[PDB]
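Read through the structure below, which is laid out as C-alpha cells, and then see the notes.
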Amino acid sequence: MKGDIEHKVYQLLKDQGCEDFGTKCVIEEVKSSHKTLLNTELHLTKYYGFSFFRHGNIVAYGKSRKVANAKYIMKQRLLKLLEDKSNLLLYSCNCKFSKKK
Ligand SMILES: [Zn+2]
C-alpha cells in the first residue's frame, strides 16, 4: 500500500470486525530542569509521544521532538504489521463475536 498508515489500519481492522482502535498523541517532556525562574518551564525539551492504541494495547509507538518524525516511527510500526501479517495489530477480537483457531 502507499502512505497513510491510519487508513490501512482502519481498512482491515474495521473489516475484521473491529472499531476499537486509534492513535494517541501525548507530550512526554524531558525534564532536565531541576529548578526554574518562572511558574513552569515555558518551553522545555518536550517530545511528541505518538502511539497507536488497539484494545488498550500499544501497536505502534514513536516519540520524537518533531511531530513528523514521531508520526513516522509509529506509522512504520503497524505498516510492518500489515505487510508482515503480524497478529499484533491484526488479531481477531470480540467487537463482533468469538474466534476460531
Ligand atoms: Zn476489536
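Residues in the C-alpha cells are numbered from 1 in each chain, the chains being A, B, ... in the order shown, and ligands are numbered from 1 in the order shown.
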What's the 7 Å shell around residue 61 of chain A, counting only C-alpha atoms, without same-chain residues fewer than 6 positions away, as a PDB file with N, CA, C and O atoms, in the first residue's frame?
ATOM      1  N   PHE A  50       3.790   9.872  20.144  1.00  0.00           N
ATOM      2  CA  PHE A  50       2.814   9.288  19.239  1.00  0.00           C
ATOM      3  C   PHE A  50       2.721   7.788  19.469  1.00  0.00           C
ATOM      4  O   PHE A  50       3.738   7.102  19.581  1.00  0.00           O
ATOM      5  N   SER A  51       1.506   7.282  19.572  1.00  0.00           N
ATOM      6  CA  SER A  51       1.294   5.859  19.762  1.00  0.00           C
ATOM      7  C   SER A  51      -0.019   5.431  19.128  1.00  0.00           C
ATOM      8  O   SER A  51      -0.936   6.239  18.982  1.00  0.00           O
ATOM      9  N   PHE A  52      -0.105   4.168  18.746  1.00  0.00           N
ATOM     10  CA  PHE A  52      -1.345   3.627  18.236  1.00  0.00           C
ATOM     11  C   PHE A  52      -1.929   2.640  19.234  1.00  0.00           C
ATOM     12  O   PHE A  52      -1.264   1.673  19.629  1.00  0.00           O
ATOM     13  N   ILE A  73       7.611   7.109  12.822  1.00  0.00           N
ATOM     14  CA  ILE A  73       8.018   5.898  13.519  1.00  0.00           C
ATOM     15  C   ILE A  73       6.831   4.981  13.773  1.00  0.00           C
ATOM     16  O   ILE A  73       6.859   3.803  13.406  1.00  0.00           O
ATOM     17  N   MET A  74       5.785   5.524  14.387  1.00  0.00           N
ATOM     18  CA  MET A  74       4.610   4.728  14.714  1.00  0.00           C
ATOM     19  C   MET A  74       3.953   4.193  13.442  1.00  0.00           C
ATOM     20  O   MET A  74       3.521   3.041  13.403  1.00  0.00           O
TER      21      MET A  74
END
Quick one: residues within 12 Å of residue 66 of chain A, only C-alpha atoms, excluding same-chain residues fewer than 4 positions away - as a list in words? residues 27, 45, 46, 47, 48, 49, 50, 62, 70, 71, 72 and 73 of chain A
Please find the residues contacting ligand 1 at a distance of at most 9 Å between atoms, with only C-alpha atoms and all ligand atoms counted, and report them as a PyMOL selection string. chain A and resi 13-14+16-21+54-55+91-96
Tell me, which residues of chain A carry DSSP alpha helix (DSSP H), written as a PyMOL selection string? chain A and resi 5-16+67-84+87-90
Serialized selection, N, CA and C atoms, as a tab-separated table (two decimals), in the first residue's frame:
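Saved result, selection.tsv, follows:
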chain	number	residue	atom	x	y	z
A	5	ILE	N	-0.88	5.27	7.21
A	5	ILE	CA	-0.99	4.02	7.94
A	5	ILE	C	-2.36	3.90	8.59
A	6	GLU	N	-2.91	5.03	9.04
A	6	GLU	CA	-4.17	5.03	9.75
A	6	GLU	C	-5.26	4.44	8.89
A	7	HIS	N	-5.30	4.86	7.63
A	7	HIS	CA	-6.27	4.34	6.69
A	7	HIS	C	-6.08	2.84	6.51
A	8	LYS	N	-4.83	2.39	6.42
A	8	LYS	CA	-4.55	0.96	6.26
A	8	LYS	C	-5.08	0.20	7.46
A	9	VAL	N	-4.73	0.68	8.65
A	9	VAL	CA	-5.20	0.08	9.89
A	9	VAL	C	-6.72	-0.05	9.88
A	10	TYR	N	-7.39	1.04	9.52
A	10	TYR	CA	-8.84	1.05	9.50
A	10	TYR	C	-9.35	0.05	8.48
A	11	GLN	N	-8.78	0.10	7.28
A	11	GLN	CA	-9.23	-0.70	6.14
A	11	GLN	C	-9.43	-2.17	6.49
A	12	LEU	N	-8.47	-2.74	7.18
A	12	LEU	CA	-8.54	-4.15	7.51
A	12	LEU	C	-9.20	-4.38	8.87
A	13	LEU	N	-8.83	-3.60	9.87
A	13	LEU	CA	-9.35	-3.81	11.22
A	13	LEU	C	-10.85	-3.64	11.31
A	14	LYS	N	-11.38	-2.58	10.71
A	14	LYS	CA	-12.83	-2.35	10.73
A	14	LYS	C	-13.54	-3.46	9.95
A	15	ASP	N	-12.80	-4.10	9.06
A	15	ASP	CA	-13.32	-5.17	8.23
A	15	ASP	C	-13.16	-6.52	8.91
A	16	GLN	N	-12.29	-6.58	9.91
A	16	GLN	CA	-12.14	-7.77	10.74
A	16	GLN	C	-13.23	-7.80	11.79
A	67	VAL	N	6.96	16.37	15.26
A	67	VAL	CA	5.69	15.69	15.08
A	67	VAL	C	5.74	14.73	13.89
A	68	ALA	N	6.38	15.17	12.81
A	68	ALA	CA	6.51	14.36	11.60
A	68	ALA	C	7.31	13.09	11.86
A	69	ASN	N	8.43	13.22	12.58
A	69	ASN	CA	9.29	12.08	12.86
A	69	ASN	C	8.58	11.12	13.80
A	70	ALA	N	7.93	11.68	14.81
A	70	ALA	CA	7.17	10.90	15.78
A	70	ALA	C	6.10	10.06	15.08
A	71	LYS	N	5.33	10.71	14.21
A	71	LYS	CA	4.32	10.02	13.42
A	71	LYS	C	4.95	8.96	12.55
A	72	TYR	N	6.07	9.32	11.94
A	72	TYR	CA	6.75	8.44	11.00
A	72	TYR	C	7.05	7.08	11.63
A	73	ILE	N	7.61	7.11	12.82
A	73	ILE	CA	8.02	5.90	13.52
A	73	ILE	C	6.83	4.98	13.77
A	74	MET	N	5.79	5.52	14.39
A	74	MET	CA	4.61	4.73	14.71
A	74	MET	C	3.95	4.19	13.44
A	75	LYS	N	3.91	5.02	12.39
A	75	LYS	CA	3.32	4.61	11.12
A	75	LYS	C	4.01	3.36	10.58
A	76	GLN	N	5.33	3.37	10.60
A	76	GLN	CA	6.12	2.25	10.09
A	76	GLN	C	5.98	1.02	10.98
A	77	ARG	N	5.48	1.20	12.19
A	77	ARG	CA	5.25	0.08	13.10
A	77	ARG	C	4.12	-0.80	12.59
A	78	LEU	N	2.90	-0.25	12.54
A	78	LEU	CA	1.75	-1.01	12.03
A	78	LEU	C	1.95	-1.35	10.56
A	79	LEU	N	2.67	-0.47	9.85
A	79	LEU	CA	2.99	-0.68	8.45
A	79	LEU	C	3.63	-2.05	8.26
A	80	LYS	N	4.61	-2.35	9.10
A	80	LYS	CA	5.29	-3.63	9.04
A	80	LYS	C	4.35	-4.75	9.44
A	81	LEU	N	3.39	-4.44	10.29
A	81	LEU	CA	2.49	-5.46	10.82
A	81	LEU	C	1.49	-5.92	9.78
A	82	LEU	N	0.97	-5.00	8.97
A	82	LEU	CA	0.03	-5.37	7.92
A	82	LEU	C	0.77	-5.95	6.71
A	83	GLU	N	2.03	-5.57	6.55
A	83	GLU	CA	2.86	-6.11	5.48
A	83	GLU	C	3.32	-7.52	5.81
A	84	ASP	N	3.73	-7.72	7.06
A	84	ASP	CA	4.29	-8.99	7.51
A	84	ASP	C	3.19	-9.91	8.01
A	87	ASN	N	0.21	-10.68	13.96
A	87	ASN	CA	-1.10	-10.62	14.61
A	87	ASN	C	-1.19	-9.54	15.68
A	88	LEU	N	-0.11	-8.81	15.90
A	88	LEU	CA	-0.08	-7.80	16.95
A	88	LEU	C	-1.09	-6.69	16.68
A	89	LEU	N	-1.29	-6.36	15.42
A	89	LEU	CA	-2.29	-5.36	15.05
A	89	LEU	C	-3.52	-6.03	14.45
A	90	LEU	N	-3.31	-7.20	13.88
A	90	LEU	CA	-4.30	-7.82	13.01
A	90	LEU	C	-5.02	-9.00	13.65
So how many Å separate atom CA of residue 26 of chain A and atom CA of residue 63 of chain A, to one decimal?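 Atom-to-atom, atom CA of residue 26 of chain A and atom CA of residue 63 of chain A are spaced 9.3 Å apart.
When only C-alpha atoms are used to measure the gap to residue 31 of chain A, the shortest distance among A:44, A:59, A:53, A:100 belongs to A:44.
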At what distance in Å, to one decimal, does atom CA of residue 86 of chain A lie from atom CA of residue 65 of chain A?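 Taking atom CA of residue 65 of chain A and atom CA of residue 86 of chain A, their separation equals 28.4 Å.
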If you run DSSP on this backbone, which residues of segment 11-85 of chain A come out as strand (DSSP E or B), and could you give them as a list in words?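 Secondary structure check on segment 11-85 of chain A, strand (DSSP E or B): residues 21, 22, 23, 24, 25, 26, 27, 28, 29, 46, 47, 48, 49, 50, 51, 52, 53, 54, 57, 58, 59, 60, 61, 62, 63 and 64 of chain A.
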Would you compute the distance between atom CA of residue 30 of chain A and atom CA of residue 57 of chain A? Give it in Å to one decimal.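 Atom-to-atom, atom CA of residue 30 of chain A to atom CA of residue 57 of chain A, that is 23.7 Å.
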